[PDB]
Amino acid sequence: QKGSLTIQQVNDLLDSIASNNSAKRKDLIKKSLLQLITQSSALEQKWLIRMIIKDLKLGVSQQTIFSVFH
DNA sequence: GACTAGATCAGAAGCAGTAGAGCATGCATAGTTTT
């Protein structure tokens, strides 16, 4: 019901997944995904799946996010 | 396009079991020597 991951850790794990896919090593992808699964809650994992597939469906336009930012 | 995963065939290594050869133990029998 509670996670123990920070944003930097998640970015590092995703970077490892991408790089190891580029290098044709699936064991490291499995290890990174296992760490993410073991150190995350169900909601966090749902959002991680959405981020991996690259579709969040927030309902707010990218232009709106940029306008809010600056 | 590139790459991965599942299924399948062939060859090879491991293991089990039988056969064949070799090594040690003892004695049967006979021969030879001694009295």
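Residues numbered from 1 in each chain as written, not as in the entry; some residues may be left out. Chains lettered and ligands numbered in written order. Part of a larger assembly, values for the part shown. Heavy atoms only, no water.

- Per the PDB record, the structure was determined using cryo-EM to 3.1 Å resolution.

- Per the PDB entry, chain A is named DNA ligase 4, and its organism is Homo sapiens.
- The title line of the PDB record says "The ligation complex in the NHEJ pathway".

### Brief notes about the packing of helix α1 (residues 7-22) against helix α2 (residues 26-38)
(1) Moving on: Relative orientation of the contacting elements α1 and α2 amounts to 160°, with a least axis distance of 8 Å. Relative to α2, α1 is oriented roughly antiparallel. The element α1 and its partner α2 pack so that their crossing is left-handed. In this structure, α1 uses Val10, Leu13, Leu14, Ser16, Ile17, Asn20 and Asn21 to contact α2, whose residues at the interface are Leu28, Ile29, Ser32, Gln35 and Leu36.
(2) Moving on: Of the residues in the contact of α1 with α2, the class split is 7 nonpolar, 5 polar and no charged. (Axes fitted to C-alpha atoms, helices over the stretch in contact; angles between N-to-C directions. Helix = DSSP H or I, 4+ residues; strand = E, 2+ residues; numbered from the N terminus. Parallel < 35°, antiparallel > 145°, perpendicular 65-115°, else oblique. Left-handed = near helix turned anticlockwise from the far one by under 90°. Contact = heavy atoms within 4.5 Å. Nonpolar A, V, L, I, M, F, W, Y, C, P; charged D, E, K, R; others polar.)

### Remarks on the nonpolar core
(1) Moving on: Membership of the largest hydrophobic core is limited to 5 residues, which are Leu5, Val10, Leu13, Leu36 and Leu48.
(2) Moving on: With sequence-adjacent residues up to four places away left out, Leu36 is seen in contact with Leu5, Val10, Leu13, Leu14, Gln45 and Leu48. (Core = buried A, V, L, I, M, F, W, Y, C linked by side-chain atoms within 4.5 Å. Buried < 20%, exposed > 50% of the residue type's maximum accessible area, 1.4 Å probe, protein only.)

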